[PDB]
Amino acid sequence: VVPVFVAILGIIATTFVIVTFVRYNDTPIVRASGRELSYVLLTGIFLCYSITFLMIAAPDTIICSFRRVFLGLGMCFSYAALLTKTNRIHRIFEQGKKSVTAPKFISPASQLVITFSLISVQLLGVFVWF
Amino acid sequence: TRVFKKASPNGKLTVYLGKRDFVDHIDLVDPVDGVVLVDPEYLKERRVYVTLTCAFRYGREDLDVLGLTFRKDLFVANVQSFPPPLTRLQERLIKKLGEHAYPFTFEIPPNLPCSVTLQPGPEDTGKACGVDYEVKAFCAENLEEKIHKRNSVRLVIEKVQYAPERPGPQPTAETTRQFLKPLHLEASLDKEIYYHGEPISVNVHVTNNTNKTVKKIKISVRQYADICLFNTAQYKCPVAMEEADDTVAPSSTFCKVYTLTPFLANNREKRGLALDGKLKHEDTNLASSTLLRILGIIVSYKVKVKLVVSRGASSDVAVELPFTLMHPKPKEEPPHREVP
């Protein structure tokens with residue numbers, strides 16, 4: 001019972017923290033907080049709490065398959081999003097490398113490309129041995 | 001015997017000032033004196049107000065995608081002029097002008113920021129980023145309600161600092177790096193305070209007791225800018241560089257002198273590089289160092305010496321030396337234009 005209650009409380013908290021961001025979506029914090037990366041990270045957290053139900057259930061072919069494929073993904077989404085956000089913060093932190101003009105800035109579009117590549121590596125790695 | 005005047009679009013209201021640069025001594029700043037000439041018949045029951053305002057504006061390339069800009073007024077002062085200690089210039093102007101001349105004087109609090117403009121980009125159109133000051137004289141029935149464009153005169157004024165008269169200590173640095181017998185690096189400059197356009201000479205002395213070999217020596221001059229009003233990262237950028245292929249063999253010493261000079265000709269593509277205050281879109285040199293003894297951009301300058309020793313993947317051994325880059329106090333006020 002207790003893991004299920006913990007997961008329900010966590011999913012309620014995640015719902016609140018995502019509805020707030022969807023509701024405002026204009027304040028400077030949300031804008032400068034990497035909206036796409038934040039949404040990907042929150043989706044990963046959302047998927048993280050569902051896996052307790054697949055673990056607590058009775059073993060089965062489809063259930064074991066879901067466990068295997070989703071366990072790595074739940075961590076991979078969150079940590080890839082955090083890695084991309086940290087890379088953006090680091091690139092802003094120092095400035096002016098040994099080159100003219102503005103320091104390189106990761107664009108909102110490129111963040112999705114890097115995050116999805118890092119996720120897809122784990123996806124294919126899981127699928128091969130699945 | 002040469003003052004600056006500006007008139008409102010109608011021509012009824014005129015503003016006279018004696019200077020455009022006001023020097024900061026860290027303790028107390030030159031007061032802003034001025035005279036205003038009005039037309040009593042033009043204004044039935046209105047008043048003439050003067051104001052002094054300091055403005056800070058900042059934006060960056062990554063924040064433009066998100067649509068964010070930052071603005072704030074650091075200091076605002078208001079005086080009432082038409083219905084009234086006179087300095088010599090104000091008395092002489094009132095004597096030269098008629099009875100409708102009335103003075104105003106402003107005292108800028110100390111420890112306020114200087115005038116700084118960040119280099120614009122190719123497609124920047126409007127007002128630049130940085131911190132600036134302006135005086136604005138207008139006619140209105142009340143201060144808090146409305147300011148018409150026709151009854152308003154605006155002038156830009158620069159608050160500036162100049163090089164200290166007493167030189168400081170010689171800048172020197174030393175480092176020791178022992179790997180998994182040490183490598184010992186020493187660097188020094190000739191003087192602490194440099195003037196714009198003057199060369200910087202750095203003397204390096206490396207002793208290598210290790211079995212390693214230094215391949216390259218990289219020397220650079222770098223600028224740091226602190227935007228410290230909102231929660232904003234510091235801007236850092238190299239403004240001069242020199243890479244030398246000098247090898248320091250194991251069990252050997254080495255000593256050399258290098259000369260560098262930062263200037264704007266090769267640094268014109270660096271968007272966001274700090275520059276001295278501008279009245280207009282004219283050219284100004286690199287920004288001068290700030291003497292603190294805040295609230296806006298703070299400029300600093302350093303020299304960096306790096307050794308690239310790899311053997312074996314390459315490791316770096318580096319030192320830094322701060323310095324000051326300023327203008328000497330001139331006998332004549334700067335023109336704020338291209339003279340020839």
# chains A, B, ... in the order shown; residues from 1 in each chain; ligands from 1
>>> residues_around(residues="region 77-93 of chain A", least_positions_apart="2", cutoff="12 Å", atoms="only C-alpha atoms", output="PyMOL selection string")
(chain A and resi 32-48+70-75+95-97+102-123) or (chain B and resi 60-63+232-237)
>>> closest_atom_pairs(of="chain B", to="chain A", cutoff="12 Å", atoms="only C-alpha atoms", output="Markdown table")
| residue | atom | partner | partner_atom | distance |
| --- | --- | --- | --- | --- |
| B:60 | CA | A:102 | CA | 9.8 |
| B:61 | CA | A:105 | CA | 8.2 |
| B:62 | CA | A:105 | CA | 6.6 |
| B:63 | CA | A:32 | CA | 7.5 |
| B:64 | CA | A:32 | CA | 10.6 |
| B:65 | CA | A:108 | CA | 8.4 |
| B:66 | CA | A:31 | CA | 6.0 |
| B:67 | CA | A:31 | CA | 8.4 |
| B:68 | CA | A:28 | CA | 7.2 |
| B:69 | CA | A:28 | CA | 9.8 |
| B:70 | CA | A:28 | CA | 10.7 |
| B:119 | CA | A:101 | CA | 10.5 |
| B:120 | CA | A:101 | CA | 10.9 |
| B:121 | CA | A:101 | CA | 9.1 |
| B:122 | CA | A:101 | CA | 10.8 |
| B:218 | CA | A:98 | CA | 11.2 |
| B:219 | CA | A:98 | CA | 11.8 |
| B:220 | CA | A:98 | CA | 9.9 |
| B:221 | CA | A:98 | CA | 11.5 |
| B:222 | CA | A:96 | CA | 9.5 |
| B:223 | CA | A:96 | CA | 9.8 |
| B:224 | CA | A:95 | CA | 9.8 |
| B:225 | CA | A:95 | CA | 10.8 |
| B:231 | CA | A:29 | CA | 11.6 |
| B:232 | CA | A:93 | CA | 9.7 |
| B:233 | CA | A:93 | CA | 6.3 |
| B:234 | CA | A:93 | CA | 7.4 |
| B:235 | CA | A:95 | CA | 6.2 |
| B:236 | CA | A:95 | CA | 5.4 |
| B:237 | CA | A:96 | CA | 4.4 |
| B:238 | CA | A:96 | CA | 6.6 |
| B:239 | CA | A:100 | CA | 9.4 |
| B:240 | CA | A:98 | CA | 9.9 |
| B:241 | CA | A:98 | CA | 8.7 |
| B:242 | CA | A:98 | CA | 11.1 |
| B:243 | CA | A:98 | CA | 11.4 |
| B:265 | CA | A:100 | CA | 12.0 |
| B:266 | CA | A:100 | CA | 8.7 |
| B:267 | CA | A:100 | CA | 7.1 |
| B:268 | CA | A:101 | CA | 8.1 |
| B:269 | CA | A:101 | CA | 4.8 |
| B:270 | CA | A:101 | CA | 3.7 |
| B:271 | CA | A:102 | CA | 5.5 |
| B:272 | CA | A:102 | CA | 7.5 |
| B:273 | CA | A:101 | CA | 9.2 |
>>> residues_around(residues="region 12-20 of chain B", least_positions_apart="4", cutoff="9 Å", atoms="only C-alpha atoms", output="MDAnalysis selection string")
chainID B and resid 1:8 32:39 42 89 93 137:139 151:159 333:334 336
>>> residues_around(residues="residue 173 (chain B)", least_positions_apart="6", cutoff="9 Å", atoms="only C-alpha atoms", output="PyMOL selection string")
chain B and resi 185-188+319-321
>>> atom_distance(atom1="CA of residue 130 (chain A)", atom2="CA of residue 54 (chain A)")
16.9 Å
>>> residues_around(residues="residue 287 (chain B)", least_positions_apart="4", cutoff="6 Å", atoms="only C-alpha atoms", output="ChimeraX atom specification")
/B:274-276
>>> residues_around(residues="residue 25 (chain B)", least_positions_apart="4", cutoff="10 Å", atoms="only C-alpha atoms", output="PyMOL selection string")
chain B and resi 29-30+110-111+160-162+164+291
>>> atom_distance(atom1="CA of residue 301 (chain B)", atom2="CA of residue 203 (chain B)")
17.7 Å
